[PDB]
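A.B. asks: Once you've had a glance at the structure underneath, I'll fire off some questions.
Cβ: placed from backbone, ideal geometry, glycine included. Neighbour counts: every protein chain shown. Computed from the coordinates by the stated procedures, all read-outs in this text should not be read as laboratory data.
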Amino acid sequence: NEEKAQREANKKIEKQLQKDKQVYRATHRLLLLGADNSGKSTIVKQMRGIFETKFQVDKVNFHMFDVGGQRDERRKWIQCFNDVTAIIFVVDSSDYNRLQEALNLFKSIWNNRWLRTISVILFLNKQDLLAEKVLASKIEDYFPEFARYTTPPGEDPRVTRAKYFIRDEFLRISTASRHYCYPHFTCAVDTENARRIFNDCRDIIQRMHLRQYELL
Amino acid sequence: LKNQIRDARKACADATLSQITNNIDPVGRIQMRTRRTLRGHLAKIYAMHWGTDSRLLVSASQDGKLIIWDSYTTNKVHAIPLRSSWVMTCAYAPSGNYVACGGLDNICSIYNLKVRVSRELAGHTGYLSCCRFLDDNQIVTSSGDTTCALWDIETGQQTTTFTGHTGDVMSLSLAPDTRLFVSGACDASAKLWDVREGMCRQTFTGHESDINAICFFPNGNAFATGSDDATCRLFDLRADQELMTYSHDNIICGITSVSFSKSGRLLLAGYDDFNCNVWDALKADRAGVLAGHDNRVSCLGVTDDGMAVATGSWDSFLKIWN
Amino acid sequence: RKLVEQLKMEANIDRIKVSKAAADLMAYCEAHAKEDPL
Amino acid sequence: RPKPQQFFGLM
Amino acid sequence: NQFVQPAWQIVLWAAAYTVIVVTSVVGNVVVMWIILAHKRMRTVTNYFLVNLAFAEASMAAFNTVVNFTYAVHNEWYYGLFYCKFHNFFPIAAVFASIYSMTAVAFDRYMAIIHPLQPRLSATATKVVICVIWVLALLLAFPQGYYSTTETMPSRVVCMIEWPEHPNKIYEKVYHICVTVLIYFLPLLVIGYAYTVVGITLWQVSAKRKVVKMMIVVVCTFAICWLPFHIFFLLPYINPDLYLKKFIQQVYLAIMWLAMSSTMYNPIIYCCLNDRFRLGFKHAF
Amino acid sequence: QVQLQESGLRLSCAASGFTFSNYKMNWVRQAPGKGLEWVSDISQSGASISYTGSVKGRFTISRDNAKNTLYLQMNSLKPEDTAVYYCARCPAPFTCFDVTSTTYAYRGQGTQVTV
């Protein structure tokens, strides 16, 4: 007797679960990471406890999370984001004294057991400040290997050399070990970051599908 | 100062538990088979808890869902959508009237099944790791801000706060007498607390890395812990020292959960290698294994009746063993 | 200051010989093994 | 019926 | 009976047919077992592949052997009931296999050109497969309804006794429509889809290998299935050719060429995917 | 309990309470009026080593698993090197996230170096 009602309720619940699965599958989850020096809030202000931002490009829905309500230690709560589509990394490339900490955090993320399959979109923010600083600290005093560097921009090859050296600093550890990094330069007034994220996510998902369908 | 405590604990070492237990008969091979499989969660499962009737249970998933299952028929009773996706814990009231959950929002929500929220317990400064009802009136929680607290649901304010841990508290468990409870944190130490006095009666050490799980012995005079160093240790409240350790050189992955059986003879542990092992609590030997999950197992539970065991994994499935 | 105060209470415990603690677990388990399904 | 010499190939 | 061939001209054809039937059957059944015997591979992405494998295996097992043994001497041996069943099921198998290939091409196109949209659901996939099989049965039914059996001096034959008409319109239309629905449409669809995918794709060595395999698939389909349709369209152009001994040789040649196509998918999967290679190595 | 005790130029860091041969090790400094900064780290076997750029070619890290001791060699000291030096351990036994955190359970009390 009561079993009929129980089975009917189970079917009613399953009907809603099936509908929710479809909406869940159609949205991609992104994690925003970075220090307070970087203007990572300025990135989300150009699209707008845990803070969230939702933006839509080419009819695709993106959902990005900015966790900033916890202590300094993060080796335990970082695991919750093992299944995100991508991780956004923001660096203040003008403040040389912090580049080493940024590199250490990047290396720790890249080699974590539960994060060995997540691609990272790397943003080198605040390029105008970098140009102003270099056109005048000397960069070499913090990274002595810079003095041997050669380029592979408006009025100075020096700024190109510096910015590309910084980028190669990250790419060197990125290419030392299934997942890929996508670097981008960005200013504080760039209205193209949504498009860049869209294209990068497109590439990542296409690459995943290429193996999912046994095409190698 | 601490060397005096070390000498005092050393002086009580008459003989090791292994020497005393060399005569008891072996448990023998233990083979168990899956009886049920529960499906429906979209993403990885994080926690679960048995009810007192030994028939119903609740599970939490990081897609933002709570589900109550009838273990006998596998039918879905309730499906509760959450407000924050990243739930990390859940518990079942002893009388079955209420169910609670918590996570990265630093909020402990309590739901009334007699479904909508009835109380939100805000005030923690870090994510919630665990929570357990003492009754319909009082509940205990642990947070990533290194503090544990006791709440009064009706007023929805803290009554006492337990402090002394240096790292995040990851697990806690209540004694059968309801007058004491223990916790383990990310500092390789476990502490015994008095719910009424609100002070630390004792402290225990011996692990090398963060402790992930803890549970009380059925008699109420002992407990076990599992840590990232890939070992499990047993402690005695009276002796104030470690009694036995369960580890093997072929495993280099941390533990995620621990539990005892009805008579306290079997200790069950969940590992990050996608499997669970069964230990002889006295002889300290591996008697059996449970396999069948395609991802790391995140939770465990033995029914108050002792008739069955359940497990959860990041594969998004729950299984019942017997 | 707090650490010393806590150690003061920690060092006052009336510890018991480990043999009795070991025997108690066996006494409980051997008696209760008759009602354990697993 | 058709003829004695026909081949009658089939798919 | 002018279709009685000598011993050696028959043995030579028999060996050639044996090779293709054996390889097709073994490869298709092994891949079907590979997909279903392991939980890792048992996913919604492989439903079209298993359907195609089953269709190809049934095609090779049923159509080829019976057609060969009938063509060797042009004498029927099984009776009215089997003459009825043979013109119904093995042909539906052919149509189902071709449209399953089309479905696979569509799935790959969607996965590559629109990676951010969710893939079809399991229920939709199952319904699509059922519709494929139902359409194949519907298109193959008329050929089997009118199948009969006729006795002759020293011969009994199984053929299709279409309803009589002075100008033979009823079967002209049927054959023309079958050609259109089975050659020109799937060819166009796959040619467009794979063309776009290859243009998009062209470690780049793996992508270029995929493109090379894709070209091979298109070209082999196009080249292999042409004379098969030309043979059945010919009698309404020039019926006299079907009264000469050369016709059975032509039929054997075109039939071997057409039926050989069931061999290539298991080899392509093996040469592309190390998972399939390991599966084969463990099976053998 | 896990214990780390630094002393001391050639700095020393004695360890106890765990298998020293399983964990990666680090050196951390805290100049007056500033937060903790990473200096150097040494792999489990010592076959991989790294330094911060500001001290490259001036310091030298080493470990001795046979007695569970960690060393640091410093020379050509500058005034900017005056700080308190800490001996830190990575959280996990076979994998380093939170060594620079303000509170960390697996680093010692530190030693004073004044130039």
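A.B. asks: For the protein assembly as shown, max minus min Cα coordinate along each principal axis, in Å, sorted largest first?
C.D. replies: 117, 85, 55
A.B. asks: Name the shape class, rounded, prolate or oblate, that the alpha-carbon gyration tensor gives for chain A, where a ≥ b ≥ c are the square roots of its eigenvalues, rounded holds for a/c under 1.5, and otherwise prolate holds if a/b is larger than b/c and oblate otherwise. Walk me through the numbers on the way to the answer.
C.D. replies: On the way: a/c = 2.29, a/b = 2.22, b/c = 1.03.
Taking the square roots of the gyration eigenvalues as a ≥ b ≥ c, chain A is prolate.
A.B. asks: Can you give the charge dipole size of the range A:1-213 about its Cα centre, rounded to the nearest 20 debye, using +1 on the beta carbon of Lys and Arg and -1 on the beta carbon of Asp and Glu? Walk me through the intermediate numbers first.
C.D. replies: Details: 37 positive and 28 negative charges, 205 e Å.
Magnitude of the dipole: close to 980 debye.
A.B. asks: Sticking with this one: Whole number please: convex hull volume per residue of the Cα set in chain B, in Å³?
C.D. replies: Details: hull volume 41.4 nm³, N = 322.
Measuring per residue, one finds 129 Å³ for the Cα hull of chain B.
A.B. asks: Jot down the per residue volume, in cubic angstrom and as a whole number, of the convex hull over the alpha-carbon atoms of the range B:150-230.
C.D. replies: Numbers: hull volume 7.9 nm³, N = 81.
Spelled out: Cα convex hull of the range B:150-230, divided by residues, is 97 Å³.
A.B. asks: Within the range B:30-107, list the chymotrypsin sites (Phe, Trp or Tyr not before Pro) lying in a DSSP loop whose Cβ has at most 11 other Cβ atoms in a 10 Å radius.
C.D. replies: Qualifying residues, ordered by number: B:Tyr72.
A.B. asks: Looking only at Cα atoms, what is the convex hull volume of the range F:3-113 per residue, in Å³? Spell out each step's value before the answer.
C.D. replies: On the way: hull volume 11.3 nm³, N = 111.
For the range F:3-113, the hull spanned by Cα atoms encloses 102 Å³ per residue.
A.B. asks: What are the ³J(HN,Hα) values, in whole Hz, obtained from phi via the Karplus relation 6.51 cos²θ - 1.76 cosθ + 1.60 with θ = phi - 60°, for each residue of the range B:266-283 in sequence order, with x given for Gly and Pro?
C.D. replies: 10, 10, 10, 10, x, 10, 7, 8, 6, 8, 10, 10, 10, 10, 7, 4, 8, 5
A.B. asks: Next question. May I ask for the equivalent-ellipsoid semi-axes of the range B:74-185, computed as the square root of five times each C-alpha gyration tensor eigenvalue and listed largest first in whole Å?
C.D. replies: Values: eigenvalues 97, 52, 36 Å².
Calculated on Cα positions only, the semi-axes equal 22, 16, 13 Å.
A.B. asks: Still on this structure: Considering the dipole of the protein assembly as shown built from charges on the beta carbon (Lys and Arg +1, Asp and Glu -1) around the Cα centre, which of C:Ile13, F:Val55, E:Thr102 is farthest to its positive end?
C.D. replies: It is E:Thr102.
A.B. asks: Moving on to the next point. Could you pull out every one of the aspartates and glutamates with an alpha carbon less than 16 Å from that of A:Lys45, ignoring same-chain neighbours closer than 8 positions?
C.D. replies: A:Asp36, A:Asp66, A:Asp190, A:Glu192
A.B. asks: Evaluate the Debye formula for chain E with equal point scatterers sitting on the alpha carbons, no solvent, and hand back log10 of I(q)/I(0) at q = 0.08, 0.11, 0.12 Å⁻¹, in q order, two decimals.
C.D. replies: -0.39, -0.73, -0.86
A.B. asks: If you don't mind, another one. Which three numbers, in whole Å and largest first, are the semi-axes of the equivalent ellipsoid of the range B:88-135 derived from its Cα gyration tensor as √(5λ)? Each step should come with its number before you reach the end.
C.D. replies: On the way: eigenvalues 69, 26, 13 Å².
That gives 19, 11, 8 Å for the three semi-axes.
A.B. asks: Shifting gears a bit: Pop out the ³J(HN,Hα) list for the range B:210-216 in order, Karplus 6.51 cos²θ - 1.76 cosθ + 1.60 with θ = phi - 60°, rounded to Hz; leave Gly and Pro as x.
C.D. replies: Ordered by residue, 3J(HN,Hα) equals 5, 8, 9, 8, 7, 7, 8 Hz.
A.B. asks: If you place +1 on the Cβ of every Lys and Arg and -1 on the Cβ of every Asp and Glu, how big does the dipole about the Cα centre of chain E come out, in debye to the nearest 20? Working shown, then result.
C.D. replies: Values: 19 positive and 9 negative charges, 255 e Å.
Here chain E has a charge dipole of around 1220 debye.
A.B. asks: Say the dipole of chain A comes from +1 at the beta carbon of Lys and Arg and -1 at that of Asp and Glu; which of A:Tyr24, A:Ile13, A:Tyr182 then lies farthest toward its positive end?
C.D. replies: A:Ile13
A.B. asks: With θ taken as phi - 60° and the coefficients 6.51, -1.76 and 1.60, list the Karplus ³J(HN,Hα) couplings across the range B:304-320 in order, rounded to whole Hz; mark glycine and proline as x.
C.D. replies: 4, 5, x, 7, 7, 9, 10, 9, x, 8, 6, 6, 6, 9, 10, 10, 10
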